[PDB]
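Student: Experimental structure below, sequence on top.
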Number of protein chains: 2
Amino acid sequence: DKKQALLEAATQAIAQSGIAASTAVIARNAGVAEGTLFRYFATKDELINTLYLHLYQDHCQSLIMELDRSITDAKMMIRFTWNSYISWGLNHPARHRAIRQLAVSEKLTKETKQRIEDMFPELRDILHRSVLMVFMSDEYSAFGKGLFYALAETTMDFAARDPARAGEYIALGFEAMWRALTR
Amino acid sequence: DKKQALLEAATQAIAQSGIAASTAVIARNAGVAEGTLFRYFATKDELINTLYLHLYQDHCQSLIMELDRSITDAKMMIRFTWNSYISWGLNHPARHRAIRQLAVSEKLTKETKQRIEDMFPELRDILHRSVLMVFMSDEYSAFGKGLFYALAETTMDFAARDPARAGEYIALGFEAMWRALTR
Ligand SMILES: COc1cc2c(cc1OC)[C@H]1Cc3ccc(OC)c(OC)c3CN1CC2
Ligand SMILES: COc1cc2c(cc1OC)[C@H]1Cc3ccc(OC)c(OC)c3CN1CC2
C-alpha cells in the first residue's frame, strides 16, 4: 500500500535528516502529495509513534520466532537480543538509524510505550529483573534505551568497517552494554 | 590564518557530512581554492590526523589547566574528564561530532595516537590503571574510545533536549560509561 511506501520513505528521511524530517520530503520521496501523507498520518507525532511500532515490530517479530521454545537465562536471552539487533542494523542501516531516534522521542504516547514494552512478554519479564532500576523509571527509561542504541550503533559501525572482526566487536559491545545497563 | 579557517571548515564539514567529507567542500567553505587546502594538508589523511590533534587539544588544554595541582583518585579525575567533555560538546557540537569520527579513524598514524595518549600524562597514567585491558589493546583501543564517545553523545543529546535534567543525564551517563569501560 501507499502506507508501507510512506513508512519506508519516513524511515529513509528520518535516518538521513533526523526525526525533524519534513512531511513534504517524506511524501515527495514516497511519490505522493503531502495531503495524501496526512490521510495516513494526521500529525508528525502519529507518524513517529506508528513508525516506531512498525520498525520495532520488524525486528521483534523475527526475534520472537527464533527464540520460541528455547530455555534461556536472562543473560543468554539478552545476548541473543543484542546480537539479533546488531545483525538487523547491519542488514538495515536506515531502520536502525530511524528507530534509535524514534525510541527516545518526547512525542511517543504512553499507549505506544506500553505496546512496545508488551510486544515480547518473555523479554520484558527478563529485562524487568535485569535492567538497573533507574533505567526503568518513567524519567530515564528513554535515556537507558538511548545508551543501548548508542553502544549498538558503535558496534555496528565497527562491524561494518572491519567485518573480519564483526563477532569480536559484537561480543565486546554486548559486554560493555551489559555492564552499563544491568544490575 | 587560513590554516585555522581550514581546520574550522573541516570541523563543520566532517560534523555534518562525516569523515568522508570532500576537500573541495572544505576548501570552498573556508573561502579558498582546493589547491590552497592542499598547501596546508597534502592528503585527507594528514587533515584527519592534524584536525584530530587540534580538536583533542582544544578540550584537553583547558582540562589540564583546571585540574592542575588537584589531588584526585582515578575515578574523580575520570569523572571530571567526562563532565568536562560533555560541557565541551554541548558548547561545541560540531567539535564533538567531528572528533568522535576522527578518533576511530583507520587513517590515524601511530605518531598521532602516541601524541594523543601523552598529551595529558596524569590522565594517561590514571586510565592505564582503570581502563579494561581489552580497550587498551592495539586492536580494540579505537573501539573503546568509540564506546566512550557514543555514551558521551547520547548524554549530550539528552542534556541539550532536556536541560532541566542535564546534570542527572551526565551523572547517569558517567556511571554507565564507568561500568562499561573500567576494570
Ligand atoms: C528494535 O528492536 C529492539 C530494540 C531494543 C530492545 C529490543 C528490541 O527488539 C526486541 C531492547 C533490548 C534491551 C537489552 C538490554 C537492556 O538493558 C540491559 C535494555 O534496556 C535498557 C533493552 C531495551 N531495549 C533496547 C532497544
Ligand atoms: C577530546 O577530549 C577527550 C576525549 C577523550 C578522552 C579525553 C579527552 O580529553 C582529555 C578520553 C577520556 C576517557 C575516559 C574514560 C575511559 O575509559 C574508562 C577512556 O578510555 C576508553 C577514555 C579515553 N578517552 C575518550 C575520549
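Tutor: On my side now, so go ahead. Numbering: from 1, shown residues only, chains lettered A, B, ... in the order given. Ligands and ions are numbered 1, 2, ... in the order given.
Student: Relative to ligand 1, how far out is residue A:99?
Tutor: 5 Å (C-beta to the nearest ligand atom, to the nearest Å). Just so you know, the C-beta spots here come from the backbone N, C-alpha and C atoms, and that holds for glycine as well.
Student: One more: residue A:179?
Tutor: Distance from residue A:179 to ligand 1, by C-beta to the nearest ligand atom: 9 Å.
Student: how about that residue, what does it touch?
Tutor: Residue A:179 sits next to B:179-180 when contact means C-beta atoms under 8 Å, 6 or more residues apart in numbering or on different chains.
Student: go on, residue A:24?
Tutor: The neighbourhood of residue A:24, defined by C-beta under 8 Å, 6+ apart, consists of residue A:34.
Student: and residue A:117, how many neighbours?
Tutor: 15 (other C-beta atoms under 10 Å in any protein chain shown).
Student: any idea how far it is from residue A:124?
Tutor: Per C-beta to C-beta, to the nearest Å, residue A:117 is found 6 Å from residue A:124.
Student: do residue A:46 as well
Tutor: For residue A:46 relative to residue A:124 (C-beta to C-beta), the value is 24 Å.
Student: Looking at those two, which one has more neighbours?
Tutor: Legend: neighbour count by other C-beta under 10 Å for residue A:46 and residue A:124, higher for residue A:46 (15 against 12).
Student: quick one: that one from ligand 1, how far?
Tutor: Going from residue A:46 to ligand 1 by C-beta to the nearest ligand atom gives 19 Å.
Student: How about residue A:63?
Tutor: Using C-beta to the nearest ligand atom, residue A:63 is found at 5 Å from ligand 1.
Student: Settle this for me: that residue is touching residue A:83, isn't it.
Tutor: No - applying C-beta atoms under 8 Å as the test, residue A:63 and residue A:83 come out as separate, 10.0 Å apart.
Student: show me what contacts the residue nearest the centre of chain A?
Tutor: Against the mean C-alpha coordinate of chain A, by C-alpha atoms, centre = their mean, the closest residue is residue A:99 at 4.2 Å. By C-beta under 8 Å, 6+ apart, the contact list for residue A:99 reads A:52, A:55-56, A:59, A:149.
Student: among the residues you listed, which are in helices?
Tutor: If you go by DSSP state H, the contacts of residue A:99 have A:52, A:55-56, A:59, A:149 in helices.
Student: what helices or strands is the strand or helix carrying residue A:81 leaning on?
Tutor: Per DSSP states H and E, residue A:81 falls inside helix A:74-91. Applying 3 or more C-beta pairs under 8 Å, 6 or more residues apart in numbering or on different chains; DSSP states H and E, one finds that helix A:74-91 makes contact with helix A:44-67, helix A:93-102, helix A:121-130, helix A:141-161, helix A:166-181.
Student: possible to save those helices as JSON lines with distance to residue A:27?
Tutor: Shown next, in JSON lines, are the helices and strands packed on helix A:74-91 (distance: least, C-beta to C-beta, whole Å):
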{"stretch": "helix A:44-67", "distance to residue A:27": "11"}
{"stretch": "helix A:93-102", "distance to residue A:27": "16"}
{"stretch": "helix A:121-130", "distance to residue A:27": "35"}
{"stretch": "helix A:141-161", "distance to residue A:27": "27"}
{"stretch": "helix A:166-181", "distance to residue A:27": "36"}
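Student: Figure out which of those is closest to ligand 2.
Tutor: In terms of C-beta to the nearest ligand atom, the element of the helices and strands packed on helix A:74-91 nearest to ligand 2 is helix A:166-181, at 10.0 Å.
Student: between that closest one and helix A:141-161, how big is the angle?
Tutor: Counting by axes from the mean of the first three to the mean of the last three C-alpha atoms, to 10 degrees, helix A:166-181 lies at 160 degrees to helix A:141-161.
Student: Alpha carbons of helix A:166-181, as CSV, please.
Tutor: C-alpha atoms of helix A:166-181 as CSV (Å, rounded to 0.1, in the frame of the first residue of the first chain):
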residue,chain,number,x,y,z
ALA,A,166,32.5,-8.4,13.5
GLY,A,167,31.8,-11.0,16.1
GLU,A,168,34.5,-9.6,18.4
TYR,A,169,33.1,-6.1,18.3
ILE,A,170,29.6,-7.5,18.9
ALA,A,171,30.7,-9.5,21.9
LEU,A,172,32.7,-6.6,23.3
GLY,A,173,29.8,-4.3,22.7
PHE,A,174,27.4,-6.7,24.4
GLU,A,175,29.7,-6.9,27.4
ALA,A,176,30.0,-3.2,27.7
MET,A,177,26.2,-2.7,27.2
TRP,A,178,25.6,-5.4,29.9
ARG,A,179,27.8,-3.7,32.4
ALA,A,180,26.4,-0.3,31.6
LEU,A,181,22.7,-1.2,31.9
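Student: Number of residues surrounding residue A:118?
Tutor: When neighbours are defined as other C-beta under 10 Å, residue A:118 has 9 of them.
Student: The residue nearest to residue A:100 when sequence neighbours are not counted and ligand 1: what is the separation?
Tutor: Distances taken as C-beta to C-beta, 6 or more residues apart in numbering or on different chains put residue A:149 closest to residue A:100, at 3.6 Å, once the chain neighbours are dropped. Note on residue A:149: its distance to ligand 1, by C-beta to the nearest ligand atom, is 6 Å.
Student: wait, residue A:176 sits on residue A:148?
Tutor: No - using C-beta under 8 Å as the test, residue A:176 is too far from residue A:148 to be in contact (10.7 Å).
Student: and those two? which has more neighbours close in?
Tutor: Under the criterion of other C-beta under 10 Å, the comparison of residue A:176 against residue A:148 puts residue A:176 first, with 27 against 22.
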